[PDB]
Undergrad: 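What follows is a structure written as structure tokens; I'll ask about it next.
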Protein chains: 4
Amino acid sequence: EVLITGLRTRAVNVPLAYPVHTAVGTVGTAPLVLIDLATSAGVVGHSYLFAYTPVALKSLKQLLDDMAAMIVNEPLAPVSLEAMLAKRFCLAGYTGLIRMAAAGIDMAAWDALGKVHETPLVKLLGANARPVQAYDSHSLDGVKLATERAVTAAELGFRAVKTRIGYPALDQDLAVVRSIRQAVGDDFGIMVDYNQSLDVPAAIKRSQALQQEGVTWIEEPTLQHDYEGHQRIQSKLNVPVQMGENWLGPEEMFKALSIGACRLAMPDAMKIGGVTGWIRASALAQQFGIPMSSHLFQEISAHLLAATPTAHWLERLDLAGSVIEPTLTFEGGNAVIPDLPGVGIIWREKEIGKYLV
Amino acid sequence: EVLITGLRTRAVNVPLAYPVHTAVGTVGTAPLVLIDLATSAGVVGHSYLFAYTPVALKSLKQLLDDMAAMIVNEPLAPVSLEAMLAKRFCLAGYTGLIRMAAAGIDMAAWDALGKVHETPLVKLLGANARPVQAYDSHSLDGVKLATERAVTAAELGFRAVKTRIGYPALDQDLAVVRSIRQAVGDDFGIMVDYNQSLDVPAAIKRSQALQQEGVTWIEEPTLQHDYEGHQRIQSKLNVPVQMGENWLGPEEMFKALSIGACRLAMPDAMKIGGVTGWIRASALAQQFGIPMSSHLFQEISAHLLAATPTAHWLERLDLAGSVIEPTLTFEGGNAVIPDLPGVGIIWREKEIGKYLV
Amino acid sequence: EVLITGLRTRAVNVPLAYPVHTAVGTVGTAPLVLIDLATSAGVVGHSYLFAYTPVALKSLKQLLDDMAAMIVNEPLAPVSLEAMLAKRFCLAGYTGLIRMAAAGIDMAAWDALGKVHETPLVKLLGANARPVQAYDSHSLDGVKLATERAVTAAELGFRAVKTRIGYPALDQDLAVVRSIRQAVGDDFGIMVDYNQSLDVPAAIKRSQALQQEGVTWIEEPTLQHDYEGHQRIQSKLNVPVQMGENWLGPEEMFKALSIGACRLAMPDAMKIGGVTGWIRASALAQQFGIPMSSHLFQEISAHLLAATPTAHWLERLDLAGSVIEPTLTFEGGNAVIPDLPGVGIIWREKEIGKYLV
Amino acid sequence: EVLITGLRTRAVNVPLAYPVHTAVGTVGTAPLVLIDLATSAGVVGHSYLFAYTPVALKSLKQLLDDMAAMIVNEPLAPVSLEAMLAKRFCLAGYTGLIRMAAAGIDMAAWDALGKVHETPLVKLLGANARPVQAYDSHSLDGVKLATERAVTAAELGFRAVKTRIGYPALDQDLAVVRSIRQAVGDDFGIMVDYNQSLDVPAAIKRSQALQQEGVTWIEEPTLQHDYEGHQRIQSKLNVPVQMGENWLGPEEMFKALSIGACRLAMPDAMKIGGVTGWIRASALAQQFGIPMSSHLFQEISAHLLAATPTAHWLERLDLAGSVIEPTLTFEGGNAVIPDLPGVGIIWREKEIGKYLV
Ligand SMILES: O=C(O)[C@@H](O)c1ccccc1
Ligand SMILES: O=C(O)[C@@H](O)c1ccccc1
Ligand SMILES: O=C(O)[C@@H](O)c1ccccc1
Ligand SMILES: O=C(O)[C@@H](O)c1ccccc1
Ligand SMILES: O=C(O)[C@H](O)c1ccccc1
Ligand SMILES: O=C(O)[C@H](O)c1ccccc1
Ligand SMILES: O=C(O)[C@H](O)c1ccccc1
Ligand SMILES: O=C(O)[C@H](O)c1ccccc1
Ligand SMILES: [Mg+2]
Ligand SMILES: [Mg+2]
Ligand SMILES: [Mg+2]
Ligand SMILES: [Mg+2]
């Protein structure tokens with residue numbers, strides 16, 4: 001009955017509202033691939049993929065264009081499509097870029113499904129829309145800018161910020177945390193992200209000093225793939241260890257949870273396998289007793305978390321704002337699902353034209 | 001937008017096409033509760049619950065009638081409804097009869113959801129309909145009747161039968177298995193169910209003799225709740241141990257899988273928590289590497305298994321055939337989802353009137 | 001020789017001396033089922049069941065009335081009766097409402113046994129009566145009422161109170177604990193109950209702050225069924241974790257103890273399987289090294305704990321006081337078994353008439 | 001001193017000497033990317049990457065072309081280069097296509113290193129060249145062709161063949177194994193590959209029947225990423241379980257070995273991280289006590305295995321034969337390293353021109 005009839009992809013480099021500071025330098029643009037999934041019913045599903053670095057952007061788009069042939073003419077049934085792709089790529093390696101690509105199709109396919117039934121994605125998954133608490137995600141900004149950005153966030157109504165740390169000296173990490181605290185008061189959440197930059201012993205030492213400061217969570221303290229090493233750092237902390245943005249598929253999350261690597265999880269809608277992967281990851285999180293937050297893709301995450309038993313926080317990081325209408329709104333620090341079928345992503349065609357690669 | 005506006009329940013005692021023989025005696029009827037879930041959209045969701053024994057039938061219906069007040073006027077959103085009930089019953093004990101009842105509402109609620117969107121349940125879950133291999137489930141029938149019933153099943157096209165064993169002597173269990181084999185040939189599957197009737201040492205002994213015969217699986221050899229004891233029996237077998245019909249909620253299945261109690265799982269749609277519980281159990285089965293079959297509720301299971309990554313077998317045991325139209329058909333030993341919105345359950349009002357309790 | 005000859009049940013809604021405050025609102029009545037077990041010897045055993053919510057009350061009574069047929073004419077031998085019921089319900093699910101019902105019959109059957117031999121239950125179990133320290137159990141009462149109620153308890157001679165916590169902010173939980181402490185002095189015990197309301201990370205954080213305050217125990221911090229999650233919270237505390245009120249049968253307690261979920265146990269006489277289940281649970285507690293307290297059913301618990309090797313505290317929460325004579329007395333904060341055959345439960349027929357449902 | 005000065009890549013689709021039969025159909029060509037790594041010393045390193053499917057070929061080449069900018073002007077020091085890339089891709093995901101690409105550069109970089117020092121790679125790694133036993137790798141060929149191909153292999157001097165199995169029926173897998181055996185005699189090795197096509201229970205059953213036949217190893221019986229599931233199948237076999245062709249980096253091999261997933265390993269030079277990854281994987285294999293064989297890349301594997309303490313077999317599967325000179329020779333079933341600097345890969349420029357994509 002409803003068939004997929006085409007796939008069109010466009011690679012852009014969009015400006016970021018909040019340039020992200022890093023050890024290297026400032027990055028003011030995001031490399032995205034926009035996807036349009038056409039169907040025999042006259043509706044188009046939409047989604048986007050984040051490439052992380054301009055180095056992979058063209059390659060990601062080419063991969064997607066080359067896979068269009070496997071999905072054109074298949075029924076618009078995301079669970080069954082996902083099983084087919086996992087089988088086609090079983091030798092090449094259903095992970096990395098290939099898995100991300102497939103996740104792109106899944107999210108667009110679900111968006112079209114919601115449109116066929118004229119219903120918001122959240123409702124198609126069987127849950128009600130509810131606002132989700134969100135925190136504003138900042139970067140490796142230095143004491144002054146980090147403080148400045150936190151003050152603005154509280155001004156906009158957020159009740160928590162995420163800062164990135166990992167300066168050369170521990171003393172610099174703490175300066176930043178303290179300056180934020182002083183300007184925002186003691187209620188306020190302050191999440192901190194190490195972005196995989198420390199070895200285990202250094203992680204235990206810096207984390208215990210931070211725990212004494214009062215942070216909400218300690219995220220990705222060491223190499224993302226070393227589960228066992230995250231479990232060792234967690235074993236010496238009261239504050240929770242957060243991770244999950246880099247799990248490629250729920251079978252990687254299962255491995256890390258099976259070992260006790262962390263006390264909080266934050267899957268990335270794209271890497272986790274789209275809507276289909278997320279539903280799976282949510283069942284796991286529920287059973288292991290782990291609060292689950294999101295990483296990027298704020299548009300679809302708002303819907304995904306509402307249907308997530310252990311939902312915890314939504315990460316506000318607006319990558320695609322320049323090319324999409326602002327249908328997701330934040331009120332009182334909570335993300336509010338818009339009442340539009342699918343995920344509610346609507347392109348600003350005019351602008352996309354400017355950033356085309 | 002779509003609200004639940006009423007709940008009506010009717011308790012019946014229906015005749016069984018295949019009287020089930022047991023150690024005690026023959027049972028020719030099934031105690032069911034039919035549920036009708038009305039909604040503000042003009043559609044009615046339907047489902048049924050199996051009470052196992054007439055002893056619990058009135059109590060089950062009374063429980064459901066008494067909970068109608070908590071769900072009337074709530075939005076028709078099964079995932080969110082399920083979370084609310086788990087919270088209302090957190091002190092009483094969200095398990096047993098209460099959990100079964102809630103599972104009744106979930107299945108009816110999902111059936112209504114499929115009707116609101118005029119789509120079969122399988123498609124609403126995001127998968128395509130596909131036929132599912134099914135095996136015909138018989139009872140503790142003795143050599144002659146068990147053989148007879150197997151021959152008929154193969155005549156009707158099935159390619160596997162389940163017999164119940166656990167006679168006073170092992171030698172009787174084997175007589176039955178061998179007589180079936182001789183009449184159906186070596187290709188044919190022969191599943192055997194102990195229904196929790198042996199202690200661990202007796203299970204290891206009888207199972208190893210059966211493994212030598214050639215059975216497809218060994219199901220519930222000891223008390224259902226002794227996970228660790230199932231893991232011990234499994235540790236000495238090549239043939240797989242099957243179980244799962246008695247898990248109340250995916251959190252019980254999680255416990256048994258975490259320990260390696262079995263190599264096959266067969267959740268019961270009602271005890272597992274309905275459609276919402278099943279989706280959860282399917283994610284777990286996928287990650288632990290376990291083929292997953294169904295227990296009873298053949299109507300909705302056909303749809304559920306099509307959306308189940310590790311689907312394995314559908315259990316044909318027609319409890320409600322006397323009061324429902326035969327929309328599910330078996331062709332070539334495979335169950336075929338009917339193309340009707342929801343689950344495809346349509347009452348035979350006329351007959352229900354006869355079996356009313 | 002002594003046979004069971006009848007079962008009569010009456011469902012009531014009794015007033016509580018101490019209205020229990022909850023997040024939802026105040027509850028001033030308890031839904032109970034009273035049971036009378038008649039015997040061929042001319043004696044009647046008595047017991048009661050607590051239904052938790054009015055939603056389950058009629059269903060519980062109907063279940064009991066429907067099972068009377070299986071026990072009428074059986075010998076008055078509680079251990080053998082319990083084995084028979086566990087076998088009749090092996091498919092339906094010997095847990096939840098069914099298990100509670102069976103536990104009702106067990107307690108009444110033991111009460112009749114004590115009456116046949118004209119001896120208090122404690123003595124029939126082979127132990128001497130001894131007073132048991134008891135603590136007064138209060139609710140989610142707020143700083144003012146919680147303090148008030150604690151002061152009264154100390155006035156009545158108790159040397160410990162249980163308060164329920166789990167306010168929206170940790171700071172509210174602590175305010176309450178501190179206000180109580182200030183009014184009762186530092187000797188005094190202060191137990192706190194979370195009633196399953198926190199996720200694991202939140203439990204570790206709030207518990208460590210409370211441990212610093214000085215509480216006696218931290219009870220049910222997270223979902224009752226997540227044993228592994230209780231073990232994680234316990235692993236980061238010095239103060240003990242308490243739980244057990246929700247174990248359905250000693251086979252659930254065995255599972256939680258096998259994993260180290262807690263350092264204290266407090267089985268509920270009804271859910272644990274009656275007198276027969278308790279004796280079993282007491283043997284387990286002894287071997288795992290766990291002090292064992294009671295949950296509700298103060299009348300029979302006084303007798304049960306005297307025969308319990310690791311007995312610890314008796315929970316004073318008078319559910320049935322309105323319809324039973326006050327034969328159990330508290331003197332000097334210790335419950336005192338009355339010297340009457342059986343459990344010493346004697347109905348106030350007059351009043352029961354008022355609360356009948 | 002020696003700098004990398006350029007990277008040129010060419011995507012080809014080469015004919016295979018031995019068309020590979022699969023469940024789907026016959027594939028007569030291999031999608032490869034050839035890499036030329038230029039250096040300031042006047043030497044060019046060469047290597048190739050296998051893309052598995054034409055779907056990923058253009059994307060792989062584009063990725064490599066886009067990363068050339070990060071390596072141009074860096075010193076020709078493969079260990080240090082590899083650390084730099086692992087750090088650049090730490091957010092995107094250093095695995096999948098990105099990891100394969102980086103592995104392409106590593107192998108070419110090592111080939112150039114051997115050329116700068118005018119020495120064969122094996123000698124630069126500190127070991128002597130020695131012949132390595134090799135087995136001829138065939139496909140899902142059916143009884144007749146599989147037998148035919150085995151007979152030819154023995155004619156050419158090989159003393160072992162690998163066949164792929166996984167037919168719809170176990171009986172078909174065995175027919176093939178037996179027919180081969182009959183034509184090659186009992187000495188001969190017969191390896192069998194399931195290519196991830198069975199679930200765990202089906203793997204245990206089919207493997208035990210094969211073990212009875214007499215195979216050398218059972219390779220990839222279930223999903224490659226389910227380590228724990230491979231460990232379960234291995235636990236019921238005497239014959240060893242082989243796997244490793246799909247490990248992306250030694251950190252995935254470490255995970256599988258840490259759990260006992262298999263008794264033999266066979267890393268793939270490209271997926272394992274090139275020469276730098278292999279040296280690492282060889283140290284692990286040595287310590288866990290596992291014989292280590294190769295998967296594809298026969299040219300460089302011959303050198304790699306000579307420096308590998310637990311070396312076991314070399315897999316003969318000639319993907320690039322159409323575009324490279326035949327410097328690697330097989331004599332007496334043993335691969336013989338050629339005496340040429342680097343890996344000994346020399347392009348047939350003329351032909352490459354024909355297969356260019
Ligand atoms: O958690 C986060 O937001 C960061 O780790 C992050 C990683 C990659 C891109 C942007 C942001
Ligand atoms: O697996 C099965 O079918 C049996 O265990 C079974 C149990 C309860 C009712 C009917 C059938
Ligand atoms: O431990 C306790 O007393 C509470 O958890 C409690 C639970 C249920 C009913 C009353 C009281
Ligand atoms: O081990 C082997 O050779 C096979 O698994 C194989 C896999 C992928 C490509 C070619 C061959
Ligand atoms: O530093 C990072 O977070 C990363 O490189 C990044 C983040 C957001 C946009 C572009 C690039
Ligand atoms: O023996 C059984 O399977 C069980 O008691 C039963 C099965 C089917 C219908 C009624 C009762
Ligand atoms: O909140 C509770 O403790 C529970 O709902 C309750 C307790 C005591 C009587 C009635 C109900
Ligand atoms: O079936 C396979 O082995 C795989 O798809 C393949 C192998 C060799 C060349 C091309 C493709
Ligand atoms: Mg992060
Ligand atoms: Mg069964
Ligand atoms: Mg309590
Ligand atoms: Mg292979």
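In what follows, every chain begins at residue 1, and chains take the letters A, B, ... in the order their sequences are listed.
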Undergrad: As an exercise: rank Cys90(D), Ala86(D), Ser197(D) by heavy-atom pairs under 4.5 Å with chain A and give me the winner.
TA: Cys90(D)
Undergrad: Supply the atom-to-atom distance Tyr52(D) OH to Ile98(A) CD1, rounded to the nearest 0.5 angstrom.
TA: 10.0 Å
Undergrad: Which atoms of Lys271(D) are under 4.5 Å from chain A, going by heavy atoms: the side chain, the backbone, both sets, or neither?
TA: side chain
Undergrad: Is there a donor-acceptor contact under 3.5 Å from the side chain of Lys61(A) to the main chain of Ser59(D)?
TA: no
Undergrad: Residues in salt bridge (charged side-chain N to carboxylate O under 4.0 Å, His left out) with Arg88(A), at least two apart?
TA: none
Undergrad: Which of residues 223-231 of chain A get closer than 4.5 angstrom to chain D, counting heavy atoms alone?
TA: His225(A), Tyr227(A)
Undergrad: I'd like to know which of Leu248(D), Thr95(D), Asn195(D), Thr53(D) tops the heavy-atom pair count under 4.5 Å against chain A.
TA: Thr95(D)
Undergrad: Report the residues that fulfil side chain to side chain donor-acceptor pair (under 3.5 Å) with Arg164(D), sequence neighbours left out, ordered by chain and then residue number.
TA: none
Undergrad: Counting only heavy atoms not in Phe254(D), do more than 12 fall under 6.0 Å of its CZ?
TA: no
Undergrad: About how many Å separate CG of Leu91(A) and CD of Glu245(D), when rounded to the nearest 0.5 Å?
TA: 7.5 Å
Undergrad: What part of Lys255(A) gets closer than 4.5 Å to chain D, counting heavy atoms only: side chain, backbone, both or neither?
TA: side chain
Undergrad: Picking from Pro54(A), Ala92(A), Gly93(A), which has the most non-hydrogen pairs under 4.5 angstrom with chain D?
TA: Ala92(A)
Undergrad: Pick whichever of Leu97(D), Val55(D), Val24(D) has the most heavy-atom pairs under 4.5 Å with chain A.
TA: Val55(D)
Undergrad: Checking an interface table here. Which of residues 66-74 of chain A come within a heavy-atom distance under 4.5 Å of chain D?
TA: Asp66(A), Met67(A), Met70(A)
Undergrad: Pick one of side chain, backbone, both or neither for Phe50(D), based on which atoms fall under 4.5 Å of a heavy atom in chain A.
TA: neither
